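Undergrad: PDB entry and its sequence, pasted below:
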Amino acid sequence: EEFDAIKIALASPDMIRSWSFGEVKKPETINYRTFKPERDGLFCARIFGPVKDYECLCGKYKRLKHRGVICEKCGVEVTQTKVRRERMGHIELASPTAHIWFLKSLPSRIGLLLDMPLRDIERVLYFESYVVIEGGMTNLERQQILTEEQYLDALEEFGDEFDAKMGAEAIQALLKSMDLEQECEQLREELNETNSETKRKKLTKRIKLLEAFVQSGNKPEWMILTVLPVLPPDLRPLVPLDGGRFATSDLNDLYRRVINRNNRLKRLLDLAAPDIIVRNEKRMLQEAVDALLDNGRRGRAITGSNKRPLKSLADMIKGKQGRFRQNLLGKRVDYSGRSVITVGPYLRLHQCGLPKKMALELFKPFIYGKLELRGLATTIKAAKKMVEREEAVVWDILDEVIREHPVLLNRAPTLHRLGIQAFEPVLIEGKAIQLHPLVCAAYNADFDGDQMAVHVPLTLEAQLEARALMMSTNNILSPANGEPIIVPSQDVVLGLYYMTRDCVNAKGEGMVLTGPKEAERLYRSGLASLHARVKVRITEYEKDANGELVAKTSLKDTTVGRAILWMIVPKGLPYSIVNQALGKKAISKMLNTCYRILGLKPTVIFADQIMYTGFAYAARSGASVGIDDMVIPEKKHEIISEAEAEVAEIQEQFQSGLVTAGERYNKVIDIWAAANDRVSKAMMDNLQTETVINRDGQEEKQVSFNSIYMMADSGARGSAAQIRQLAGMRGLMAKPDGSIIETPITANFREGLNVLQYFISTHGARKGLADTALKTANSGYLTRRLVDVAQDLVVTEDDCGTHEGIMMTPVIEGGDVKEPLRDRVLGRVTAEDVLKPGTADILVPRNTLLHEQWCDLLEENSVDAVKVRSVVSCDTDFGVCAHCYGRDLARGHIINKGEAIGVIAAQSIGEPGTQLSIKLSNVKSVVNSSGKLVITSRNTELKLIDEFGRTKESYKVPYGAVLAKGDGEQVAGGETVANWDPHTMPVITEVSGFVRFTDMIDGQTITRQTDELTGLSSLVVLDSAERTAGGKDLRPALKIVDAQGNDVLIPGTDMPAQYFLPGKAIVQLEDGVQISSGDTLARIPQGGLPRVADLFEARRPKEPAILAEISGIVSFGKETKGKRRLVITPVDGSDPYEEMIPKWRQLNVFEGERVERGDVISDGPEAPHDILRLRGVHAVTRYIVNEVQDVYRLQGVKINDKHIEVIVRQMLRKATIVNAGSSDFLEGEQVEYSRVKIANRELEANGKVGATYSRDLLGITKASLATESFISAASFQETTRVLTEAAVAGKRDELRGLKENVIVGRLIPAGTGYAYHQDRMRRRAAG
Amino acid sequence: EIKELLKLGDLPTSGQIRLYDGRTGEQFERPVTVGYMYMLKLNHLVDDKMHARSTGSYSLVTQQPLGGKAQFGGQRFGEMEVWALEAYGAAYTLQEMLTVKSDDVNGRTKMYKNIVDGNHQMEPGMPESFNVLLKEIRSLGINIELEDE
Amino acid sequence: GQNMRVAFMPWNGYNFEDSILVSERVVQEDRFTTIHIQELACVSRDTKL
Amino acid sequence: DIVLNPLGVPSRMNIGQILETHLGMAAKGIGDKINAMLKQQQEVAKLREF
Amino acid sequence: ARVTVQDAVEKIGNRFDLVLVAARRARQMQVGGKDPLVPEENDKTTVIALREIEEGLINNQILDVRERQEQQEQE
RNA sequence: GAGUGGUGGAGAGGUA
DNA sequence: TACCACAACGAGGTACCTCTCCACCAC
DNA sequence: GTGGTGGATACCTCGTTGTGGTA
Ligand SMILES: [Mg+2]
Ligand SMILES: [Zn+2]
Ligand SMILES: [Zn+2]
């Protein structure tokens, strides 16, 4: 009963018979009057066991005492009724038949096994054509398909020597006659002669098929079914309807069809029918059994009796409602309630209000146990009726049972990890689950009718797991970012803002108070309001370097409300925390500061107290909204009038015919957006600074106590866009086609729109509410795909001991610092030391966890970039170590070994899918005659260093773009030195002298023309596509020489001073001119969520940026074709590389410069396949992490980067082979990188040559299907494909992933169960 | 026009009046908006919504509990919640939620009897839906079995 | 529905995230007690006994 | 009778409930003046005038 | 540990070992009927075992040598 | 040896 | 023989609630 | 009642993956 591997293979007919318990021989299911099953029918109890518990059919034996006997009048075996759903039947098929999975699961494995096309095999099994099996004559070669006319022609020609058959018996005899080892030896000798790509691919596919067959020991004859098995009868059950009519499953109908046609084929075979009739019935039997194996697969799916397609066995296994993803991964469960949620503000952080009725139902056997333990209940029936009478002793027993026994308040859609939290319930009357107001941010709950489930834990292990792991007071910080998730939200925030804000001269300002106790006595007495600026004596507590608490005391000039909140704030925090007005961000920073200063206990009790006082003082304010509270700026209609007047003037100038339609429309756009900005600015000023009626200093201007502005300014609800839409101008709404409407909505939601503006607004409304449907569907599919990629990853080792890692810089791209070094590097474990002076020559040790103190010291020393241990760099097979992962965010300290990293990262990535001086580098240049610095290289980027030595900004400069500055100078802000030609690309030189116009003759490579403006002759070069016969074999070169004609030598190299220019170059310089060094020579002119899905699925984009593959000098290799081949010949070795470029696709590099290993050749987006293939793993991880965090940074979503590193580490599991060494790997086999690693480990252990390889980057779908855990791939997708291939190869599953251990039903190898799993695996290895 | 109507009614023209507090007697600091909004009551009643289940009916094919308030069934602890328990690490909670609280007849009978006797202990077993999957692949014609050790 | 007196202010958290706090007199006047008429059926089927 | 949530208004942008709340209070002010005139039983001419 | 078990986390070192050793102790109290050495104040066995580990009368190797000691004096 | 049927499946509508 | 349109299969969100409707034939 | 059983709709959108065609 203890298995440790699920072994799968094909089924021999002897194995199918040895499963079986008797042949079914009749299509009659049961009788219609006396509802017992028949003899040898589809439910026949002589085959599939008894019907009642310990009985026979005739009722002779009725007792356990006849444990197993055979009733002589019925033939049945008396057992328990469990064997009714565990016995199998077999069908003796008359003719052999084809398993449709091995015919239509592409590629069919028969079309690759017999090397015959699927159309020919389909025409054989459609009974339309014959194939000879063997022939002694020379006319008929082996496996030659013949039509019926050719068949009868062969009969009248020879008729005796050959044998041509038609149907599944023909391919069965062919599968018998095919010799596996002989044909694979023939393949191995026939492969090595020529190596063409497509035929070599088909040949190695066939060699892998044959080698898998001879490894597994299956027979190729076994693909043809001769004995079809029958499912147990209690899994295709028969319960009737309420009115006696019997409604079956689909499988009884399918089996009835195949059994009836098998009986008719039996009658026609022993009748010896004509061959046309018997082959027609064989056709119909074949079609019926192909329907049974997969209805909607071969042809017309046979529909049921109710005008719907029938469900086959494959349709009962695979699907969104198949067995796997419907009843194995997610099960309906006992001990579970559901109710409408409501708000309990009077709770604490760990409590929920369970109703009396649901709790009395859920804890019913616990109540039975306590009732029997207290001597009141003696039997189960008395306990049942005592609960169903609902006595006061039952209410007391329930009140004792509930006490500190948690319940899991799940909410679905449980998107991220914190959607299940366990609370200690308190009893309430009523009918609605009460939540804390802090956890309804984690749940994304709104109390407008959201329903939540209550799951109970039963065992002691589960109560301790729900107390110590899933409590609400343990998941304070989300695992997406170390910033707490119990933030006050909108009402506590309005209350704390109204507490800690201050007026000017409200009531009793300028008093001096002993402290918070006297201040709160004053406020509750009413002699001083909450906004009087006073002096208080605050005895704040500075916590020192160790855990000691000194007490300092001085006088602070604060508000009465801040002095009252300081009474709540515990001992250990400074006062500048509370000393300003507290918005939502300041309150969350209060909680985070309190966390990393004190711990987990005072932060919890401080969060509860801060919610209590926030609610109470929000109630004592009375922050109400009116129609006067949305003040409209009184200079709105004037600037609106001026804007419409000037846009009428521009429209009149267009209708006169001066300007054009596109420029007029863009003018309307910029006018109305500028007026919108003016109205919004005047609105926010006329809302922000309005409480000016003051006294006792003067008529002073301060920030306003307006209610709309207060609720938008504290961070409570809505922002400046929504306030602008209320009060100011609604703006330019958009048509659905991506356009902008000409006339904006000049009204707002206080004056009220007219008809036309509201009809305009409905465009954006319906576009948003269809956007949410498509957004949520695609985000859910991305989340499930990421989860089923990232199953196989857990913390396994304590340390992998490597020193590799990612050089981590603060990302600085664009125009602004995107992420600081703090939010980039905090949490990691340092790969090496910090070998730079900075300010103090700090050398932090390697393998060091980055605390906040260490982040502060490296920020003070201003280290430019740090190398850290990354998850993709780890050297542990089957999971990554702890030090390469770093800090677990939800606990603050390092990752405890066992915690399933991959599902954490999958939820935290796929969850916001519903939200969606100067420095020169790589420079070869020359100062020209004008001093304006040009650049002669392609990969030059301009850097902006700081006066500390770090970086301010970075920009990429194109080749030949001009630069006004030299190196090292400190240019001030406002100077844009970025100077570029927007349309053309320069082809500048670097030497000086005179030009000899060689290798260009007018007529076949250059066109004689003159510019129509200046009259100067220009010898422009024509492209090689329109040249004559004399221009198809030579490249024009501007032979730049000295004053006499000598081709000068460039110092450093030995190549001559020639410039192979391409076509479309506007050569304007003439002969006899002086050329400077660097002067111009000629001119040549030119979403979010699908972006994340396209980066993770690893697709090749629509315009692949072509890149270089090797170092060396580049030249052209093949001419006389529009596909220009490029010989990139190395400076030391030969070139085996060429390339095919499309005609319209241009080229950016020239054939005179030398590139490095993996240079950028063509521009645009580039595919992660080639990014990996030329650069390497650390570069492709940097690319994927930056490109995904661009999307999550634009929408404003905080995600720690090690999640995306985990997903890329799961994308990079495979590795294909460029050369074998001595291990058992042939060539190019997509095998797991861990097996290659341990194979090279043992080969270097015993001193061998080792096997080389090449990492390859698969997408999410191909990665999770290429996972060798076939249970994991079959639970994910393409179930017929993966079951067919695993059955062919004879695979076994090692049962090491969480998905297969959840299907099978043990503890998962993570979390708690990881200790048990390593104990069980060392016990199984130890004997 | 609304402020003209309010001036006819002898009311504060802005609509905001100065409410008191019935709890502690004293005054709210700022004027509160008060009027008469027309509240409905929708067809989502909490008596129809609330439902709980301890141990009840069971399906025929998969031997896991039913679904729906009419059949007194339990909440589906779906795939997303299985990932939530996985990424917590509550392996014992996930195992007891997929075997003894669900489709495993011997384990759930030992569980019910043990909870009534007071000792919360768990004897697991292979789930009935996994046995259904084994019978369905074996009837499809692919030999799948449980290899020991 | 019925029209009833409404104040727009936070009240000790009990109207937090789209929640409503209702006076006693709304219940005492029975302004919102609907009637639900439910049909239960009984059929005398016919077994063969 | 109902203490609603003021933060439901400014972000969700349904100002119709705010204007309807004011207009409802105006309607009940007029109805209350008519109820006062009837419970004091002033004059059918004063009722007609108001 | 009745509100936050972080003191027991600092005593053990790891949440999973905390759950395992507290489950061992709670099973010993519910099956074997051994006396909880902290005063119980009308609590359940799981929170009693967490409070035991939180105080410091029981760790993993402490419970292991205790069960081995009662084993050898039983045999 | 001591009561009892929807899940099954379709269609339509609704909630978060 | 290496690109290439073209065709075929295989995905497409979780949880919940209410109601009705269910093969023809036939000596 | 108890075995028998074959025909007159179209209205997704990618996105891989395999296949005959042709310069
Ligand atoms: Mg809601
Ligand atoms: Zn019998
Ligand atoms: Zn590592």
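TA: Okay, I see it. Numbers count the residues shown, from 1 in each chain, chains lettered A, B, ... in the order given. Ligands and ions are numbered 1, 2, ... in the order given.

Undergrad: C-alpha only now, for contacts and for neighbours.
TA: Will do.

Undergrad: any idea how far the host helix or strand of residue D:37 is from the chain center?
TA: Element membership of residue D:37, judged by DSSP states H and E, is helix D:16-40. Distance, stretch centre to chain centre, for helix D:16-40: 3 Å (C-alpha atoms, centre = their mean, to the nearest Å).

Undergrad: Can the helix or strand following that helix be said to contact chain B?
TA: Later in the chain than helix D:16-40, the nearest helix or strand by DSSP H and E is helix D:44-49. No - on the criterion C-alpha under 8 Å from any C-alpha of the partner chain, helix D:44-49 is out of touch with chain B, staying 12.8 Å away.

Undergrad: thinking in terms of the whole chain, how far from its middle is helix D:44-49?
TA: That offset, for helix D:44-49, works out to 21 Å (C-alpha atoms, centre = their mean).

Undergrad: helices or strands up against the helix holding residue D:37?
TA: Counting contacts by 3 or more C-alpha pairs under 8 Å, 6 or more residues apart in numbering or on different chains; DSSP states H and E, helix D:16-40 packs against helix B:2-8, strand B:32-39.

Undergrad: hmm, who's touching the shortest one?
TA: If you take C-alpha atoms under 8 Å, 6 or more residues apart in numbering or on different chains as the criterion, helix B:2-8 is touched by B:12, B:13, B:14, B:15, D:22, D:23, D:25, D:26, D:27, D:29, D:30.

Undergrad: again with stretch A:1041-1055
TA: Stretch A:1041-1055 is contacted from outside by A:991, A:992, A:993, A:994, A:995, A:996, A:1039, A:1040, A:1056, A:1057, A:1058, using C-alpha under 8 Å, 6+ apart.

Undergrad: Next: stretch A:719-734.
TA: Outside stretch A:719-734, the residues touching it (C-alpha under 8 Å, 6+ apart) are A:630-633, A:636, A:672-673, A:676, A:679-680, A:683-684, A:708-709, A:712-713, A:740-750, A:760-761, A:763-764, D:10-11, D:13.

Undergrad: again with stretch C:14-22
TA: By C-alpha under 8 Å, 6+ apart, stretch C:14-22 touches A:342-345, A:437, A:446-448, A:491, C:10, D:1-5, D:8.

Undergrad: Can you select the buried ones from the residues you listed in PyMOL?
TA: Buried subset of the contacts of stretch C:14-22, written as a PyMOL selection, criterion 16 or more other C-alpha atoms under 10 Å in any protein chain shown:
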select buried, (chain A and resi 342+343+344+345+437+446+447+491) or (chain C and resi 10) or (chain D and resi 2+3+4+5+8)
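
Undergrad: Among the contacts of stretch C:14-22, which one sits closest to ligand 2?
TA: residue A:342 (59.3 Å; C-alpha to the ion).

Undergrad: Name the nearest residue to the closest one, ignoring sequence neighbours.
TA: residue A:434 (4.9 Å; C-alpha to C-alpha, 6 or more residues apart in numbering or on different chains).

Undergrad: That neighbour: what secondary structure?
TA: Assigned with DSSP: H, G, I helix; E, B strand; the rest coil, residue A:434 falls in the strand class.

Undergrad: now the strands: where do they sit in chain C?
TA: Along chain C, the stretches classed as strands by DSSP state E are C:2-8, C:21-22.

Undergrad: just these: most buried one?
TA: strand C:2-8 (a mean of 19; mean count of other C-alpha atoms under 10 Å in any protein chain shown).

Undergrad: That strand vs helix D:16-40, what angle?
TA: 110 degrees (axes from the mean of the first three to the mean of the last three C-alpha atoms, to 10 degrees).

Undergrad: So residue B:121 sits against residue B:112, correct?
TA: No - using C-alpha atoms under 8 Å, residue B:121 makes no contact with residue B:112, being 9.9 Å away.

Undergrad: Show me the contacts of stretch A:1041-1055 that map onto strands.
TA: Of these, the ones assigned to strands by DSSP E are A:994, A:995, A:996, A:1039, A:1040.

Undergrad: so who does the nearest residue in space to residue A:1214 that is not next to it in sequence touch?
TA: Excluding its sequence neighbours, the residue lying closest to residue A:1214 (C-alpha to C-alpha, 6+ apart) is residue A:1232, at 4.5 Å. Shown in contact with residue A:1232 (C-alpha under 8 Å, 6+ apart): A:1213, A:1214, A:1215.

Undergrad: What about residue A:1232? Give its phi and psi, please.
TA: When read as degrees, to the nearest 10, the backbone of residue A:1232 gives phi -70, psi 140.

Undergrad: Relative to residue A:877, how far out is it?
TA: 10 Å (C-alpha to C-alpha, to the nearest Å).

Undergrad: what's the spacing between residue A:22 and ligand 3?
TA: 57 Å (C-alpha to the ion, to the nearest Å).
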